[PDB]
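Read through the structure below, which is laid out as structure tokens, and then see the notes.
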Amino acid sequence: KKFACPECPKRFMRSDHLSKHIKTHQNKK
Ligand SMILES: [Zn+2]
């Protein structure tokens with residue numbers, strides 16, 4: 001529900017710091 005790294009079952013309260021986190025899930029490529 002809401003926004004949150006769809007890759008890992010975590011929880012966040014924003015889209016900025018939340019996006020930067022998912023940025024490490026797709027290193028390069
Ligand atoms: Zn994640």
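In the structure tokens, chains take the letters A, B, ... in the order shown, each chain's residues start at 1, and ligands count up from 1 in the order shown.
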
**OP:** For ligand 1, list the contacting residues at 9 Å or closer, counting only C-alpha atoms and all ligand atoms, as a VMD selection string.
**Re:** chain A and resid 4 to 10 18 to 19 21 to 25

**OP:** Determine which residues of chain A receive a DSSP assignment of helix (DSSP H, G or I), computed from the backbone, and state them as number ranges by chain.
**Re:** A: 16-26

Original post:
Excluding same-chain residues fewer than 2 positions from residue A:2, what lies within 10 Å of it counting only C-alpha atoms, as number ranges by chain?
Top reply: A: 4, 11-14

Keeping only N, CA, C and O atoms, write the selected residues to a file as a PDB file, in the first residue's frame.
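The resulting again-v1.pdb:
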ATOM      1  N   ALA A   4       6.527   2.606  -1.674  1.00  0.00           N
ATOM      2  CA  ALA A   4       7.564   1.848  -0.920  1.00  0.00           C
ATOM      3  C   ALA A   4       8.298   0.907  -1.878  1.00  0.00           C
ATOM      4  O   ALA A   4       7.698   0.303  -2.743  1.00  0.00           O
ATOM      5  N   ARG A  11       9.133  -0.151   4.415  1.00  0.00           N
ATOM      6  CA  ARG A  11       8.099   0.899   4.636  1.00  0.00           C
ATOM      7  C   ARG A  11       8.768   2.274   4.648  1.00  0.00           C
ATOM      8  O   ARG A  11       9.837   2.450   5.200  1.00  0.00           O
ATOM      9  N   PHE A  12       8.151   3.253   4.043  1.00  0.00           N
ATOM     10  CA  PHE A  12       8.758   4.613   4.024  1.00  0.00           C
ATOM     11  C   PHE A  12       7.658   5.668   4.160  1.00  0.00           C
ATOM     12  O   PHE A  12       6.483   5.359   4.156  1.00  0.00           O
ATOM     13  N   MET A  13       8.032   6.912   4.278  1.00  0.00           N
ATOM     14  CA  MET A  13       7.013   7.990   4.413  1.00  0.00           C
ATOM     15  C   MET A  13       7.381   9.153   3.490  1.00  0.00           C
ATOM     16  O   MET A  13       7.291  10.306   3.862  1.00  0.00           O
ATOM     17  N   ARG A  14       7.797   8.860   2.289  1.00  0.00           N
ATOM     18  CA  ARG A  14       8.172   9.948   1.343  1.00  0.00           C
ATOM     19  C   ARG A  14       8.519   9.341  -0.018  1.00  0.00           C
ATOM     20  O   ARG A  14       8.633   8.139  -0.162  1.00  0.00           O
TER      21      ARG A  14
END
